[PDB]
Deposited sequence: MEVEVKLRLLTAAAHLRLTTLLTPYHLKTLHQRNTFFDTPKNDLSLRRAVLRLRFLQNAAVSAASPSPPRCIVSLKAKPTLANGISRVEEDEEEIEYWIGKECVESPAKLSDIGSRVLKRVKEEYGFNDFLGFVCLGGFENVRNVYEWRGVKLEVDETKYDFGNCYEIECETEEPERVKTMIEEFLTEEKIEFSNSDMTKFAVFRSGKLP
């Protein structure tokens, strides 16, 4: 399972201050476009599953496409746990699927096989693209952990987050909140996944 500390930064101002503070620890900046697929009846969603194609970038810096299936999420007290499985596919192939989701059927993918077998589909001809959104992710190596600071760009406005994948979520969360508190950065627990915010059509 994927386990993460997940905190929301309440304002663009908080986000700007945090990235400024973490400058020396900066590792890389990733541009991610997240796109999602399901049947029009929301078969996957109704079973709390999410099928995502992520396009990411940031010479040589070829873009990549990663398919992921996430299921059975739990998000509580700033700590997220979810079943996650991901697999790289050819970028040009993923791109075509956004425009024609039936073409998910034409991919020799282990994860897409899982979706078929576990959710009861023989193909993806009945699937639609739910759309997606862009996210900018700054990655920092800070005090023994990898912090991911996100600026998530929805059409209804931007959202900002800090995430940290860790086996010690309680210790790491404390360590992070202490730092944010001392630096007077405004935050709270993140109560929804990016996909959930996206689907709600409104900011948290």
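Enquirer: Given the full deposited sequence, which segments carry no C-alpha coordinates?
Expert: No C-alpha coordinates exist for 59 to 64, and that is the only such stretch.
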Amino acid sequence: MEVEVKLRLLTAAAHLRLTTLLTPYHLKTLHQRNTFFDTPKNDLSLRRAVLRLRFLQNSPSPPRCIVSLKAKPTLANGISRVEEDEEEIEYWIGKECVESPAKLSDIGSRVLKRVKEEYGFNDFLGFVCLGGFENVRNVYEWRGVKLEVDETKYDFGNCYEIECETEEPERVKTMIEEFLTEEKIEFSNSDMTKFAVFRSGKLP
From here on, numbers count along this sequence of modelled residues.
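We call the rigid core the largest set of C-alpha positions that still match within 1.5 Å between the two forms.
Enquirer: Comparing 60 to 68 with 158 to 166, which has C-alphas lying farther from the shown form in 4 other deposited structures of this protein once the core is aligned?
Expert: Of the two stretches, the larger average C-alpha offset in 4 other deposited structures of this protein falls on 60 to 68.
Enquirer: Would you mind working out which of 98 to 106 and 69 to 77 sits farther from this form in 4 other deposited structures of this protein by RMS C-alpha distance, with the rigid core as the fit?
Expert: Clearly, after the core fit, the stretch farther away in 4 other deposited structures of this protein is 98 to 106.
Enquirer: Which wins on mean Cα temperature factor, 177 to 185 or 11 to 19?
Expert: If you average the C-alpha B-factors of 177 to 185 and of 11 to 19, the larger mean comes out for 177 to 185.
Enquirer: Determine, for stretches 129 to 137 and 116 to 124, which one has the higher mean CA B-factor as deposited.
Expert: Mean CA B-factor is higher for 116 to 124.
Enquirer: Compare the CA B factors listed in the entry for 152, 68, 34, 57 and report the winner.
Expert: Each of 152, 68, 34, 57 was compared by C-alpha B-factor; the highest is 57.
Enquirer: Just the C-alpha B-factor column, please: which of 162, 50, 172, 53 has the biggest number?
Expert: In this record, 172 carries the highest C-alpha B-factor of the candidates.
Enquirer: Comparing residue 89 with the other modelled residues of its chain, is its CA B-factor in the lowest, middle or highest third?
Expert: Ranked within chain, residue 89 CA B lands in the middle tercile.
Enquirer: By its CA B factor, does residue 46 count among the lowest, middle or highest third of the modelled residues in the chain?
Expert: Highest third.
Enquirer: Looking at the entry's B-factor column for C-alpha atoms only, identify whether residue 72 ranks in the lowest, middle or highest third of its chain.
Expert: Highest third of the chain for residue 72's C-alpha B-factor.
Enquirer: Rank-wise, by C-alpha B-factor, drop residue 143 into the lowest, middle or highest third of its chain.
Expert: CA B-factor rank for residue 143: middle third.
Enquirer: Could you tell me which third, lowest, middle or highest, the C-alpha B-factor of residue 158 occupies within its chain?
Expert: As the PDB entry reports it, the C-alpha B-factor of residue 158 lands in the middle third of its chain.
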